[PDB]
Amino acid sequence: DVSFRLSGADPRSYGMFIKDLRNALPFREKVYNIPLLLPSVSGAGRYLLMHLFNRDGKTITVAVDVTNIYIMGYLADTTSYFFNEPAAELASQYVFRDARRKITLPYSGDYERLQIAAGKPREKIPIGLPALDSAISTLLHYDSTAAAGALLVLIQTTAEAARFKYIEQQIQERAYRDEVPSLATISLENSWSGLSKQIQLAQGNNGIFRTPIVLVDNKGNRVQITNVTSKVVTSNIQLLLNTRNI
């Protein structure tokens, strides 16, 4: 399991947690020195449990699918909550089985349903370490509208940070003040799947991408990744989604 405590947290410890989180995922290969995530894992071993403590020390346990690093649900003292989609229902067989109560949230856990539920698009929710502390507090007492926003902040400060070094570094920047994500950040979150595919396809095409990926990213709007020597590949993307799962 991996843990993070917001009390005493600074850009350094967060980075340490994110490094642990990455390291906790398994992989067999490395495509271009990036860890390729497994296509399938079976049983309880498919799920990683994160323990998040807020400043006051209250805690949730979050369940993450190690094949794609998707949050399945979480446990707040004696109640588990799970997204409304078949994968989370499947997870519910293996995790938080000792919970006194299992609640299914009125939505699936993809951004589009989550933004609708929260009333705000991602572009307008401040993320940061202060926001994560808040998120954790929100999740401790059920409110499904308020939990959609907390989970948009939770996904981004853990899963999206594990996935991309740029986004992890954004959050270290937001360790004592929250700020809405940059466009680059929204660009990157959306492109993980395509990027993973094109990088995997590039083996046996000389590191060249079959189809160009256009990121808005940090060229204001409209960058285009063509091959694996791009910095988004050498320096940024940190875990690849296995093509079988794409």
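Numbering starts at 1 and follows the sequence shown.
Visitor: Going by the mean C-alpha B-factor recorded in the entry, which is higher: 112 to 120 or 130 to 138?
Guide: Stretch with the higher mean C-alpha B-factor: 112 to 120.
Visitor: Taking the mean of the C-alpha B-factors per stretch from the entry, tell me the winner out of 17 to 25 and 228 to 236.
Guide: Per the PDB entry, the higher value belongs to 228 to 236.
Visitor: Name the residue from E173, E89, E160, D77 with the greatest C-alpha temperature factor listed in the entry.
Guide: Answer for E173, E89, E160, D77: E89, with the highest C-alpha B-factor.
Visitor: I'd like to know which of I60, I69, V214, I199 has the highest C-alpha temperature factor in the PDB entry.
Guide: The record points to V214.
Visitor: If you rank the chain by CA B-factor, which third does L183 end up in: lowest, middle or highest?
Guide: Ranked within chain, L183 CA B lands in the highest tercile.
Visitor: Where does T104 sit by CA temperature factor within its chain: lowest, middle or highest third?
Guide: CA B-factor rank for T104: lowest third.
Visitor: Among the modelled residues of its chain, does the C-alpha B-factor of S193 lie in the lowest, middle or highest third?
Guide: Its C-alpha B-factor, which the entry lists for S193, ranks in the middle third among residues of this chain.
Visitor: How does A44 rank on Cα B-factor within its chain, lowest, middle or highest third?
Guide: Highest third of the chain for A44's C-alpha B-factor.
Visitor: Going by what the PDB entry lists, where does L37 fall on CA B-factor within its chain: lowest, middle or highest third?
Guide: For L37, whose C-alpha B-factor we compare with every modelled residue in the chain, the answer is the highest third.
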